[PDB]
Structure formats: structure tokens, C-alpha cells
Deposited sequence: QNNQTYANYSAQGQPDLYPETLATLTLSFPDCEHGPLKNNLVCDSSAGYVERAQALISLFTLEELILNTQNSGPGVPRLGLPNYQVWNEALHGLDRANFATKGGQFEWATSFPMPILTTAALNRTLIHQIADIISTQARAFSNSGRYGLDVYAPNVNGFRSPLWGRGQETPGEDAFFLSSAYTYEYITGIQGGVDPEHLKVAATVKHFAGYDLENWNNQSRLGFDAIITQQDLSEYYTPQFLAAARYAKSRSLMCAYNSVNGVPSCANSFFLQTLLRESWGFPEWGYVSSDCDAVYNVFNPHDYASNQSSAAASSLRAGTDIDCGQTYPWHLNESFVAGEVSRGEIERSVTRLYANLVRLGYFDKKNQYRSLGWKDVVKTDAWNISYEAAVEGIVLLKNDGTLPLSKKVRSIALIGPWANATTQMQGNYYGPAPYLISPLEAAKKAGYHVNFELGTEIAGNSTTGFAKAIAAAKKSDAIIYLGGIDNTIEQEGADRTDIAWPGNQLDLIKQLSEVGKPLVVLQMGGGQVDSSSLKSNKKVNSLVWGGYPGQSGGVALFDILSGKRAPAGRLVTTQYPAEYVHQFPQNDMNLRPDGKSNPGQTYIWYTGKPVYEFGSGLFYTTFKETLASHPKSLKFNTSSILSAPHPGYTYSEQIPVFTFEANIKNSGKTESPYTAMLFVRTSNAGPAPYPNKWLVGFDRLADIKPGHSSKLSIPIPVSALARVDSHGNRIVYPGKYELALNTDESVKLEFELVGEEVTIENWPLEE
């Protein structure tokens, strides 16, 4: 929008936003005791939140309303109503806050791992606590005018194509179960419960819908039209958004840049009204924000409207309340002049935003959360849950017992473009951290003699660092290589073009494997890289996926390597063979194989052979898993469901298995539970789908902990050609983990039961 020369937004992965959109404001609170609003109902803390917001909005001029439909809202100075920023980032810690540059206060926020790694821990409580800490820290910054009260998080789009530059931000490729679980735990942690009366921080689930690529084939997200079947819409692209609106009661949602089936998400009333509000129960006075700036893109380049005034009017009427950008505040005045919108439609949007602000305690100084301050940031950071998430999430992919490093290992050769990682560990959308503990520093602090060599860059074709690296290796007890990808390779605005290890890193690892010494390789980054050559190289003793480990990253990794903590992470996306992305266009949105070039996408549908499967992860011990069957769903759904708000949440039954530590190392345990069928519902039939997961606390050798995995009605439902979610009678089989240590056959009997009726598109 703010381009200086011609800009092809069908190709360019990044918009050109106005400085106003991108500005860092200084925030504050209305003075309800002495200010101009003191006798208005909005300042009456005993009144209803809607009635309060309505009373306030009645005081605005038309132009004031319009200006306050943008993310950087100017407020209304004459009313003592301060500017308010809607665009705040919280993906895995505070970002876009007005951080102090000196003074020892508000200089930083806790930098948790990227969600990709945190989700690999398979721990729901963990996700929830991270969210709670983030929203405590948000309130603290807010109380000093340095952060808003709503957050553009979480990013829960399915990591469908492995080359997506933003998959790192997500809880993985399983939109239906794993992502939805993350969605619920994160949003309830941000918001302080399930639609509590006193909202903590408003979540903004994103990006709705069909957004999972930046610019593959030079087709920008900004102009992309996702051709998606109704079946896939219901099955893969929206179930996490149903979870957000229905179960978590997210106060906000962000509509995506792209179109779906010819309709821009932000101008899509089927999306924003029929689905979001009428099918999934999105809060009445919840509000929708556009992406930055998806309203502009309705016009340029989507051409769904002919100018900015019309793009504004179409988005507003479809259900987009707040524009991250300048199209609303600078063109809705034209929309009004042209009769395209009423003042009613504009007031509703602003009223929605302020209704949430009222709920958030914006006008109530005595509100419980208005007293959080810097010491609460200090205290929650000192809990070291960022370290804990990283430690629980790290994935051991290959190991011959070389890990944990034996007491005999005294010197290490520390090699690779991730060996001295600091800011690399933070991924993206991060603010300043209190500290960043590199793998190098953590290695020294662990008490190893460290021979550090860069060896080679992430993406270089230079070998001039090889010799010194081999030299450092030849004079060390073990080699620890840390490499892979980072945000120079995968980023917002630019997808990868391939999913192989970048540069000449694999050559360096090969030459290191032929040194004669034990070799541990840490594959870092969010997306996966093809590590088949490492899998098949016997001289590569150990392979670890370390994701983006956050502020205490080095210590988390080296506590795992040294065996202080025992790894238990599992992959939350498939590591595909490198040729996968060359086999079919990556913006083919069809999940199922087509018998042509599309081989099936994700662990659910892929007919090929993953290098490492979704759900791969090894332990420092061995476990012995043992089991501890005609179900009539219609009957099961006929019963009372105390403890569950929605009927589809009830277990069909609970999978019970004993988990014995048959080895000789204390270890926590993780499990994914999969189901499959070859006769229930329509063909084609999936490989399998995830229906449950859990993490159990450290189990001692000889001890047995019980794994209980409820199998909800919603999880056994399949999706028909119309998008309906229906539980079908037939034969199913559970399988525990990728190793399928335990399997359980059961039959579903009775008639088909409808779980959701998918509505017709407009």
C-alpha cells in the first residue's frame, strides 16, 4: 500500500505498510475518577460490559469511530481516551512492546521456545503455563503503558507444506488433534480461563483460513487464491478454529491475506459469520482483526473490490471489525459518503473492541490484573519454564548409546553454524531476552574442555573452515555438530525453495564422521531437513532435533546431551525426503493423493516414505507397553456428560496401557495414539490419524506408570464430501506411537451419527 514504485503484490511476499500501522505507541488508561468520561456509563464498574462500551461509543463523532477501526487507534483526546494498540505479538513471548533501552526495567521479556518445539513435548499443562506467564508479563508491561491487552496469537495453521517459512511458529502438521489441543491450552492461558468475566488478555487465533505458504513459486500469500474442497476445509483447514471459538472462547480472530475459493478471507461472510459465529459460537462481542493489511489486499491484488473504499466496506460487512492497516481509517469515510456502509456497521465494530477492553479492566483501576508490575515479570521468568519447555521438547531421533555422553568424555569438538547460537535460538517474533545462553557457553559451564570451530556457514559453498574443524575434531573425545536451518533460511515473507540441509553442511558432517571419534549431530530449526544421509551413516552415532530452544537454549540442549535430563520429545511434523517438494506444486491444497503428482500430504495421507515420521522420538531407557469392544456411538452420545460442556467431547472409551521402564535410566514418557479404519466412512481411507497424546512424569527402572488416553467422539468422526462430521460404524484399530507397541481393535456399531452439519457456502 505504501510502495514508492510499482509493486506486484501477487509476487512480493511482504506488504508495504504505512508507518502509522507499524508505529510503537505509548499507552495509558482512561481516568474514570476525574476525566471527561467520569459520569458516562463506561466508567460505572457495576454496569454490564456491553452497555458500558455502548455508552462510550455514543460519544464519538463519525470520524473518530472510523479512525479507531485501525490497529494503532488514536483514541479520542477530547474524551481523555488514550491511543490504544491492537497489534501486539505474543507467539512465544512479548514482542512489539515498547521495551525500555536502559534503566533495568521492561528491557526484556521471557523468550520461550518456538511453539514447534514446545508442542513436541506433548505436554498440555506446559503449553497452558507458558500462555499464563506470557499474559502475566503482558499485563505487567500494560500497567506501565508498554503493551496492549490483546495479542495476535496463536498461529495455529497446519504446517501442511514442509517448506513454509512460518511453520516454525505452529504446533505442527496435525491441525485436527495436536494443533487444536495447543489452541485450547494456549488461548485459555492467555485469557485466564474459559471466557472468564474478568478477561486477562484477549487472544487472536490466526490465520483464518487456508494460509500456510508465504510465496512459493513466487505466488505471494497476498494474492493467493486457495482452492480447497469443503471436505478439506472442515477436515484440515478449520478444526483448530472451531476449537478456538467453541471450546476456548477466543475473544478475537485474525482473517488471513489469502482468498479461499475466490473469496478473500476478510471479505468472507461464510467464514466470519456462518462458520465462526453460527456454527462455532464465537463470542457475541468478540471481534475480528485483519492481517496487516489484508483489507488492502481485498482490492490489491485480489480485485474482489475495485478500490480501497469498497474493499473496506466489503470487509466490514463480511465481519472484519479491525483493520491492521490504513484502509479502514483512511477510506471508510469514502465508503460512508458512497453509502456503502452505515454508521451502525462502523459503531458495531468499535463497540466490539471496547466491549472487550471493558472486560479486560481498561476502565477499572481496581481490576485484579491492573496491579501486575515488573517484579511479576522477574518472578515468572525466574521459574525457568522457557528452559523447561526446551528440555521437554528436544527430540532424540537416532542413538546407539553414545548419548548421554559418558563420564569418559572430557573434551568436545563443538562444530557448526548453530554452535554459538544466541538470537538464532529465539526464532522469530521475539523481543529482547533477559539473557541468551549459547550451546558454547552452556558446554563450558557444564565442565567440558571445548574446541569451538564454526566449520561452515548455514548456507555457504565455502570450505575454508573445514580443515580447522576436522583438526579440532581429531584432538577431541567427541564431536558435537550443531547446524541445520535458521531464520536466514525460513522466515515470514519467504518460504524455503527446498527441504534439504542448506549449503555444504552435510559434506562437513560426512568428513567429521570419518575422523574416527564419536559424532553427535544436532539438527536445528522449525521445518525439517532431509537427514537420510545421517540416518544411513553408521558413523553418525546420534541425531537430535533441537528446534528453536529459546533463551536457555544451550543449557536445555547440553543438559540433554550430558544426561542431566532425559529427552522425550516427538516430531510434530513429518521429515520428508528432499524430492517430495519437487513432485507436486506446494500450493495444491488437496490433502488426499490424486493418483497423479500429489502423493498425499502429512502423515495422514502421504503414500511415500518419510525419513523420520511424525511422532518419531527415542528415550535414554526402554519401555515395555502393555494393554490394561463394540461401541454404539448413538448410545454413548445419549448419556449425560457431566464435566464436559459439549457432547462431542465425551470419550467413546478410554485407552488404558501400562508403561514399564524396562531399562536402567530414569525417564519421562511420551505417547501419540493413532487410529485407522479400512471400512468406516467414505474412501479413500487415511494412513491413520492422531486421536490422543500424553506425557507422563519420570518413571524409575522397574516402575510402571499408567497411560490413560480418552478417545473423544469428535476424534473418531470422519468428514464426508460435503464437510459434515459424522461418526461412522465399522472396524477401527488403535496403534500406540509410530512403533505401534500396542494395538487395539474395536468396532463401532449402530447408525451413523452426525457431529457437525457443515453449512452451505452462502
>> What are the C-alpha gaps when you align the coordinates back onto the deposited sequence?
In response: 629-633
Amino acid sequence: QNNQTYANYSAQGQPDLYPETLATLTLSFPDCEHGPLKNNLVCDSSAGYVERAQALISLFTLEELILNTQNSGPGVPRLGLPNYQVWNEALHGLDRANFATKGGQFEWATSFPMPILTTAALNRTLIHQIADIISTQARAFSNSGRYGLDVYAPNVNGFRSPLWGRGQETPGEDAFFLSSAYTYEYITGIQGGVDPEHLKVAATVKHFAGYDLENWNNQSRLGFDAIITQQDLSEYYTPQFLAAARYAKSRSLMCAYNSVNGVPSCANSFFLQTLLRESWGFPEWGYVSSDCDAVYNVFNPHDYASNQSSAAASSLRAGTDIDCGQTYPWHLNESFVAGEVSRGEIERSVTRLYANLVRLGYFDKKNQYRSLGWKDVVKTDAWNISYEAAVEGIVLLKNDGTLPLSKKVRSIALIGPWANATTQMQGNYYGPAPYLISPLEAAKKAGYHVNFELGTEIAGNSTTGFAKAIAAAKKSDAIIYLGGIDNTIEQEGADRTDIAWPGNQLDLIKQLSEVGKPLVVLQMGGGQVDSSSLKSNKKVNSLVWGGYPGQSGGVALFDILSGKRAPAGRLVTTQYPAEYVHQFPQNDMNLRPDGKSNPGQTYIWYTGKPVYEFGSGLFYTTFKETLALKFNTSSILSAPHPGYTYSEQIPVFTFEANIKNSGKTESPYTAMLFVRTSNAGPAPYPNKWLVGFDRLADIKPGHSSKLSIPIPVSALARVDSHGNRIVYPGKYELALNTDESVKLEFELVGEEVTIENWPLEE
From here on, numbers count along this sequence of modelled residues.
>> Please compare 634-642 with 332-340 and say which has the higher mean C-alpha temperature factor in the record.
In response: 634-642
> Which has the higher mean CA temperature factor in the PDB entry, 307-315 or 496-504?
Replying inline: 496-504
> Which listed residue, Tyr236, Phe208, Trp418, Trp605, has the largest C-alpha temperature factor in the record?
Replying inline: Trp418
> Among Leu696, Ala55, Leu37, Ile726, where is the Cα temperature factor highest, going by the PDB entry?
Replying inline: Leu696
> Which third of the chain does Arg370 land in by C-alpha B-factor: lowest, middle or highest?
Replying inline: middle
> Lowest, middle or highest third: where is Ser161 by Cα B-factor in its chain?
Replying inline: middle
> According to the PDB entry, is the CA B factor of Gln1 in the bottom, middle or top third of its chain, that is, lowest, middle or highest?
Replying inline: middle
> When the modelled residues of the chain are sorted by Cα temperature factor, does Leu557 land in the lowest, middle or highest third?
Replying inline: highest
>> Looking at the temperature factor on the CA atom of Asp232, which third of the chain's modelled residues does it land in?
In response: lowest
